[PDB]
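Presented below, as structure tokens, is a lone chain in the form deposited without the ligand.
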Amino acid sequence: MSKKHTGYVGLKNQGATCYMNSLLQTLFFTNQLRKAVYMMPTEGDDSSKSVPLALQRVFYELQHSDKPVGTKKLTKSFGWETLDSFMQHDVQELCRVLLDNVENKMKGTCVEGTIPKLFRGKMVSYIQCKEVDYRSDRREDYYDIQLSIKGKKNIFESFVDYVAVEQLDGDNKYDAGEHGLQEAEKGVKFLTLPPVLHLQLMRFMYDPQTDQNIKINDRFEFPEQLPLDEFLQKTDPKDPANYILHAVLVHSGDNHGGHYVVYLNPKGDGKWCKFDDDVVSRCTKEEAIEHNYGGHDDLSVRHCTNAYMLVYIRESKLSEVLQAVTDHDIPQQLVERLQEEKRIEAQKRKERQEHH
């Protein structure tokens, strides 16, 4: 079926997990992550409690299964077992849960630090007083960036807006402590950009006049090749911040009952597939990229299919982030534990039908 068409298998549609399946594929094809994950020492773990073991299972099955892969034990493991869990959280929050879990499980192993190595960048947020000599600098790690979309035509304009200087004057002067209220400038600077760049687009904005979040379907364009050197405080001549589009997570509709899919070119070679739960299919570059720009603001239709998250990988890191994964990257002990796991579930299904 879809494994035979594309080389890639899908994930089952099992309840309403919204953006989850999209995110799981995204992470699975972050090959360096997937390798580290197989290396976690989950020997002792409980399969319905351990996010690390449950993820190993999902990735292993994605790598070896010919049929669509289930996620029930994974959702049970991090406790998001209803629509409501998914409705209470942004996509990046789920991603943070998965990454934190596996990062913690890599402590004291041969693969410790993989998660910050791949996903962590450095920024500094500042408030500079204009008339007095005072500055507050807050250095922060980030694993993702939330880009403003409203009134922005493209990623370049969002980044421009992201690093824009805000004037704190008049009615909103800065409380400068013992200097009293002071005229000031506020901004954020990027010190580094991580090898794997996760960008969420801010389409689900609070609306005062309906007192709810509403999805903004406006046009927002993102390129295949993304140069970010100009947003770095200090550029690097031997490692320019040139990024290549890896994944486009897409939503259709106006609510969490809409359709979620993800487009990926897993090898970073511009050859794209559409991942729609159990159906993986080849698609054009144009289907993956421009057709998810949205807008088209055309009267007969409501056009509400568009990108909400993008994954870019730094050109200089691409061959290493998307380093290939072979049978040798899956420890035998893990393979045995996962077969043991498939047998125990094959027995729980037989015991469940007998009682009914």
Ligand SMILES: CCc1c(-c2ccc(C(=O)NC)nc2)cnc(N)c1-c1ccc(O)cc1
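Don't overthink the numbering: it's just position in the shown sequence, from 1. So that the term is clear: the rigid core is the largest set of C-alpha atoms that superpose within 1.5 Å between two forms.
Below, we turn to the form deposited with the ligand bound, even though it does not appear here.
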Exercise for the section: Could you tell me which stretch in 240-248, 124-132, 225-233, 93-101 has residues with non-hydrogen atoms within 4.5 Å of the ligand in the deposited bound form? Expected result: 93-101
Practice task
Scan 174, 190, 143, 272 and let me know which has any heavy atom within 4.5 Å of the ligand in the deposited bound form.
Solution key: 143
Handout entry: Option touching the ligand, based on a heavy atom within 4.5 Å in the deposited bound form, out of 74, 155, 262, 115
Key = 115
Practice task
Please check if residue 54 has a heavy atom lying within 4.5 Å of any heavy atom of the ligand in the deposited bound form.
Solution key: no
Handout entry: is_contact(residue 220, the ligand) in the deposited bound form, heavy atom dist at most 4.5 Å
Key = no
Practice task
Mark residue 309 yes when one of its heavy atoms lies within 4.5 Å of a heavy atom of the ligand in the deposited bound form, and no otherwise.
Solution key: yes
Handout entry: Partner proximity in the deposited bound form: residue 119 to the ligand, non-hydrogen atom cutoff 4.5 Å
Key = yes
Handout entry: Of 174, 263, 119, 260, the one whose Cα moves 2 Å or more between this form and the one not shown after core superposition
Key = 174
Problem - Cα displacement of residue 150 between this form and the one not shown reaching 2 Å, rigid core superposed - result: no
Practice task
Align on the rigid core first; then say whether the Cα of residue 100 has moved by at least 2 Å between this form and the one not shown.
Solution key: no
Handout entry: Is_shifted residue 217 between this form and the one not shown (CA, 2 Å cut-off, rigid core)
Key = no
